[PDB]
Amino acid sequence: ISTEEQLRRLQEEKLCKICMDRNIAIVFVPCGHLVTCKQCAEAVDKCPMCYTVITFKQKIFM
(Lines of atoms letter the chains of each structure in order from A and count residues from 1; the text may use other names and numbers.)
(Lines give C-alpha, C1' and ligand atoms only; values in the text may rest on other atoms or scores of the structure.)
Protein backbone atom coordinates (compact mmCIF):
# COMPACT_ATOMS: atom_id res chain seq x y z
CA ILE A 1 0.00 0.00 0.00
CA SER A 2 1.27 3.42 -1.09
CA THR A 3 2.20 6.33 1.14
CA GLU A 4 -0.69 8.26 -0.42
CA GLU A 5 -3.32 5.62 0.27
CA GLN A 6 -2.03 5.05 3.81
CA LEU A 7 -2.38 8.80 4.38
CA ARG A 8 -5.89 8.94 2.95
CA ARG A 9 -6.90 6.07 5.22
CA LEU A 10 -5.56 7.80 8.33
CA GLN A 11 -7.18 11.09 7.32
CA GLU A 12 -10.54 9.39 6.93
CA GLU A 13 -10.21 7.72 10.35
CA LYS A 14 -10.11 11.18 11.97
CA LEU A 15 -13.43 12.25 10.44
CA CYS A 16 -16.61 12.67 12.45
CA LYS A 17 -18.59 9.46 12.05
CA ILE A 18 -21.90 11.35 11.53
CA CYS A 19 -21.08 14.21 9.15
CA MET A 20 -17.77 12.90 7.71
CA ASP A 21 -16.80 16.55 7.14
CA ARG A 22 -15.02 17.80 10.27
CA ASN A 23 -12.51 15.96 12.42
CA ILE A 24 -13.55 14.18 15.60
CA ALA A 25 -13.42 16.53 18.56
CA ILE A 26 -15.45 14.96 21.41
CA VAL A 27 -15.01 11.94 23.67
CA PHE A 28 -18.11 10.43 25.16
CA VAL A 29 -18.14 9.70 28.88
CA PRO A 30 -18.41 6.98 30.18
CA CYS A 31 -17.85 4.72 27.16
CA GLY A 32 -14.76 6.56 25.89
CA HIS A 33 -15.50 6.38 22.17
CA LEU A 34 -14.39 9.13 19.79
CA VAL A 35 -17.19 9.43 17.25
CA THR A 36 -18.18 13.02 16.52
CA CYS A 37 -17.18 16.60 15.92
CA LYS A 38 -18.46 19.19 18.39
CA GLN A 39 -21.49 20.11 16.31
CA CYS A 40 -22.67 16.57 15.59
CA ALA A 41 -22.33 15.72 19.28
CA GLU A 42 -25.34 17.95 19.91
CA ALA A 43 -27.57 15.44 18.13
CA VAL A 44 -26.67 12.23 20.01
CA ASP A 45 -27.78 11.02 23.42
CA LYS A 46 -26.41 7.47 23.00
CA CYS A 47 -23.01 6.56 21.62
CA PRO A 48 -23.60 5.52 17.97
CA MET A 49 -20.96 2.77 18.29
CA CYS A 50 -21.98 1.11 21.55
CA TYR A 51 -25.37 2.69 22.41
CA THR A 52 -24.21 3.56 25.93
CA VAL A 53 -26.10 6.56 27.31
CA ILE A 54 -23.77 9.56 27.23
CA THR A 55 -23.29 11.33 30.55
CA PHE A 56 -20.74 13.94 29.42
CA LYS A 57 -19.29 15.16 26.12
CA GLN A 58 -15.65 16.10 26.70
CA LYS A 59 -13.93 18.35 24.18
CA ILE A 60 -10.54 16.93 23.18
CA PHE A 61 -7.25 18.47 22.08
CA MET A 62 -4.24 16.80 20.49
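A residue's number is simply how far along the shown sequence it sits, counting from 1.
In this PDB entry, residue 34 carries a Cα temperature factor that places it within the lowest third of its chain's modelled residues. When the modelled residues of the chain are ordered by their C-alpha B factor, residue 58 lands in the lowest third. In the deposited entry, the Cα temperature factor of residue 24 places it in the lowest third of its chain's modelled residues. Residue 47 sits in the lowest third of its chain by CA B factor, as recorded in the PDB entry.
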